[PDB]
**Student:** 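Before I ask anything, here is the structure I am working with.
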Amino acid sequence: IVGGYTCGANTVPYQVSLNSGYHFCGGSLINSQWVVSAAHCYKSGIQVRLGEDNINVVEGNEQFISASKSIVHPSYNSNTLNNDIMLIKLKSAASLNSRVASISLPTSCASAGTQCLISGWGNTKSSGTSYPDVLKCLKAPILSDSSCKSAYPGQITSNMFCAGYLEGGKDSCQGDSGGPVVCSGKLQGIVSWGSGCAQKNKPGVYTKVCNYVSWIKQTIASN
Ligand SMILES: CCOC(=O)c1ccc(O)cc1
Ligand SMILES: *C(=O)CCCCCNC(=N)N
Ligand SMILES: [Ca+2]
């Protein structure tokens, strides 16, 4: 996250870190046994780390749980990033508490101008590379469809939305991928792609979770 702020320990209790011997992507806990992330974050050997703040120090409240299944959307396209969504089943159920909690799926889509919270352990620099120990947060609005298409002509499908700031300096970044965009207590987005980080006129692009509620429910119900 570039131009954000320190969230504070466990203030984003649905935020998870996906770890393969290092932090590689974020994700969102949606019930005690299932996590939502980006399809482009797929690999084998995923360990889900819940209740994290400092991802480099054991502080208390952490639960490390191996993924038993990682389910990429069958229509995920690795070149366009259309359908950039993946479900991860945990080998065992997380124990839920004030510091490890699920986030509700949306009942309807959010409108342009809705303020959201984006969080993650990604790069905090627009220029060069700096990775934080602790979780970073950013408040950001969802942009209009016309602004989003103007920013990324021919690249925005109906399964994507833009959020952030056209002036530059505030954005999600590498390492934030797969993490949550939460608007009034609902998971509306997943960190997906963008052109550089925090560049003028190049906002972040996010998977539109409201288009996938039925698929999520059906996939969970059958696994
Ligand atoms: C047409 C989809 O947009 C891209 O070409 C694109 C894909 C991945 C990425 O990181 C940036 C742009
Ligand atoms: C995931 O970490 C791949 C990097 C894309 C993150 C989103 N980029 C952006 N908001 N400019
Ligand atoms: Ca820790």
Side-chain angles (χ1 to χ4, degrees), residues 1-4 6-10 12-13 15-20 22-27 37-43 47-65 76-86 99-100 116-127 129 131-143 148-149 151-181 189-207:
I1 305 288
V2 187
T6 293
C7 304
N10 309 300
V12 192
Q15 169 88 53
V16 313
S17 172
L18 305 188
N19 179 288
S20 58
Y22 60 101
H23 169 92
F24 71 86
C25 272
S37 183
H40 86 258
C41 292
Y42 174 88
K43 53 164 86 161
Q47 181 186 65
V48 179
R49 302 185 164 196
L50 307 102
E52 283 286 19
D53 188 48
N54 186 327
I55 52 168
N56 300 309
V57 175
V58 180
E59 296 178 286
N61 311 311
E62 293 97 351
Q63 296 173 54
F64 297 175
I65 306 172
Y76 166 63
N77 179 291
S78 64
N79 291 120
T80 59
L81 295 189
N82 188 218
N83 304 119
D84 194 9
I85 186 171
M86 171 176 73
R99 296 169 185 95
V100 175
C116 306
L117 186 70
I118 310 181
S119 50
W121 291 274
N123 185 28
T124 61
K125 280 188 157 69
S126 214
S127 165
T129 172
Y131 292 93
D133 291 318
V134 297
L135 189 61
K136 301 293 187 177
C137 276
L138 170 71
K139 288 265 182 168
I142 296 169
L143 310 185
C148 193
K149 280 170 176 163
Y152 295 111
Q155 292 183 290
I156 305 298
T157 68
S158 57
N159 301 307
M160 302 173 189
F161 68 92
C162 293
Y165 300 88
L166 299 174
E167 67 265 32
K170 298 174 151 186
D171 207 358
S172 56
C173 199
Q174 256 288 142
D176 293 326
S177 274
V181 181
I190 303 163
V191 181
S192 181
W193 64 275
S195 167
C197 299
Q199 299 311 114
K200 191 200 169 76
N201 296 119
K202 290 172 189 313
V205 190
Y206 299 93
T207 303

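Read the numbers this way: they start at 1 and go in the same order the structure lists the ligands and their atoms. We're numbering straight along the sequence, starting at 1.
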**Student:** List the closest protein heavy-atom neighbour of atom 5 (O) of ligand 1: residue, atom name, distance to the nearest 0.1 Å.
**Tutor:** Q155 NE2, 3.4 Å
**Student:** Looking only at N, O or S atoms, find the one in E52 nearest to the Ca ion (ligand 3) and name it.
**Tutor:** OE1
**Student:** Enumerate the atoms of ligand 2 whose separation from the nearest heavy atom of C173 is less than 4.0 angstrom.
**Tutor:** 2 (O), 6 (C)
**Student:** Can you check whether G175 has an N/O within less than 3.5 Å of an N/O in ligand 2?
**Tutor:** yes
**Student:** Could you measure the distance from the SG atom of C7 to the CD1 atom of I1? Nearest 0.5 Å is fine.
**Tutor:** 8.0 Å
**Student:** Is there a donor-acceptor contact under 3.5 Å linking the side chains of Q199 and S126?
**Tutor:**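 The answer is yes; a qualifying pair exists.
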**Student:** Give the atoms of ligand 2, by number and element, whose distance to some non-hydrogen atom of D176 is under 4.0 Å.
**Tutor:**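 Once the distances to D176 are compared, the set is 2 (O).
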**Student:** Return the CH2 to OG1 distance between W193 and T80, rounded to the nearest 0.5 Å.
**Tutor:** 9.5 Å
**Student:** Which residue owns the protein heavy atom closest to atom 8 (C) of ligand 1, what's the atom, and how far is it?
**Tutor:** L81 CD1, 3.8 Å
**Student:** What atoms in ligand 1 come closer than 4.0 Å to a heavy atom of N79?
**Tutor:**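 Reading through ligand 1 atom by atom, the close ones are 2 (C), 4 (C), 5 (O), 7 (C).
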**Student:** Is there a donor-acceptor contact under 3.5 Å linking the side chains of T6 and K136?
**Tutor:**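 Note: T6 and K136 side chains meet the donor-acceptor criterion.
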**Student:** Out of curiosity, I55 CD1 to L135 CG, how far, rounded to the nearest 0.5 Å?
**Tutor:**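 It comes to 9.0 Å.
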**Student:** Could an N or O of ligand 2 be found under 3.5 Å from any N or O of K202, whether backbone or side chain?
**Tutor:** no
**Student:** Decide whether an N or O pair under 3.5 Å exists between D171 and ligand 2.
**Tutor:**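 N/O-N/O distance below 3.5 Å exists for this pair.
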**Student:** Within a reach of under 6.0 Å around CZ of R49, are more than 12 heavy atoms found that belong to other residues, nucleotides or ligands?
**Tutor:** yes
**Student:** Counting only nitrogen or oxygen atoms and a 3.5 angstrom limit, does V191 reach ligand 2?
**Tutor:**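 Among all N and O atoms of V191, none is under 3.5 Å from an N or O of ligand 2.
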**Student:** Taking the side chain as every heavy atom from C-beta outward, state whether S172 and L138 have any pair of such atoms under 4.5 Å apart.
**Tutor:** no
**Student:** Counting backbone and side chain alike, does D53 bring an N/O/S atom below 3.0 Å of the Ca ion (ligand 3)?
**Tutor:** no
**Student:** Counting backbone and side chain alike, does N56 bring an N/O/S atom below 3.0 Å of the Ca ion (ligand 3)?
**Tutor:**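 Checking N56: none of its N, O or S atoms is under 3.0 Å.
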**Student:** Nearest 0.5 Å, please: how far is OG1 in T157 from CG in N83?
**Tutor:**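 Nearest 0.5 Å value for the CG-OG1 distance: 7.0 Å.
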**Student:** Quick one: look up the protein heavy atom nearest atom 10 (O) of ligand 1 and list residue, atom name and how far away it is.
**Tutor:** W193 CB, 4.2 Å
**Student:** Among the N, O or S atoms that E62 has, which is closest to the Ca ion (ligand 3)?
**Tutor:**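 Closest to the Ca ion (ligand 3) among those atoms: OE2.
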**Student:** What atoms of ligand 2 come closer than 4.0 angstrom to any heavy atom of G196?
**Tutor:**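 Numbered from 1, ligand 2 contributes 9 (C), 11 (N).
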**Student:** Select one of side chain, backbone, both or neither to describe which atoms of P203 lie under 4.0 Å from any atom of ligand 2, heavy atoms only.
**Tutor:** neither
**Student:** Any heavy atom of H40 closer to ligand 2 than 4.0 angstrom?
**Tutor:** yes
**Student:** With a 4.0 Å cut-off on heavy atoms, does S172 reach ligand 2?
**Tutor:** yes
**Student:** Below 3.0 Å, can you find an N, O or S atom of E59 next to the Ca ion (ligand 3)?
**Tutor:**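 So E59 does not bind the Ca ion (ligand 3) by this criterion.
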**Student:** Suppose we only count N/O/S atoms under 3.0 Å; would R49 qualify as near the Ca ion (ligand 3)?
**Tutor:**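 No N, O or S atom of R49 is closer than 3.0 Å to the Ca ion (ligand 3), so no.
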**Student:** Between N82 and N77, is the side chain to side chain donor-acceptor pair (under 3.5 Å) condition met? List the steps.
**Tutor:** CA-CA 5 Å; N82 188 218; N77 179 291; over 6 Å; no
**Student:** Quick check on contacts: which atoms of ligand 2 are under 4.0 angstrom from a heavy atom of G204?
**Tutor:**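 Listed by number with element: 10 (N).
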**Student:** For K149, does the NZ atom sit with more than 12 other heavy atoms under 6.0 Å from it, leaving out its own atoms?
**Tutor:**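 Not buried by this count: 12 neighbours or fewer within 6.0 Å.
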**Student:** For ligand 1, which atoms, with element, lie under 4.0 Å from some heavy atom of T80?
**Tutor:** 2 (C)
**Student:** Which of these passes side chain to side chain contact (heavy atoms under 4.5 Å, CB included) with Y206: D84, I118, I142?
**Tutor:**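 It is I118; the other options fail the test.
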**Student:** Whether the side chain of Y76 engages the backbone of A38 through a donor-acceptor N/O pair (distance < 3.5 Å, no angle test) should be reported.
**Tutor:**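 Here the side-chain-to-backbone pair does not exist.
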**Student:** Would you say the side-chain atoms of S119 and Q15 include a donor-acceptor pair closer than 3.5 Å?
**Tutor:**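 Judged by distance alone, the side chains do pair up.
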**Student:** Can you report which non-hydrogen protein atom sits closest to atom 2 (O) of ligand 2, along with the distance?
**Tutor:** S177 OG, 2.3 Å
**Student:** Do any heavy atoms of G120 fall under 4.0 Å from ligand 2?
**Tutor:**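 It does not, in that no heavy atom of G120 comes within the 4.0 Å cut-off of ligand 2.
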**Student:** Under the 3.5 angstrom rule, does the side chain of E59 hit a backbone N or O of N54 as a donor-acceptor pair?
**Tutor:** yes
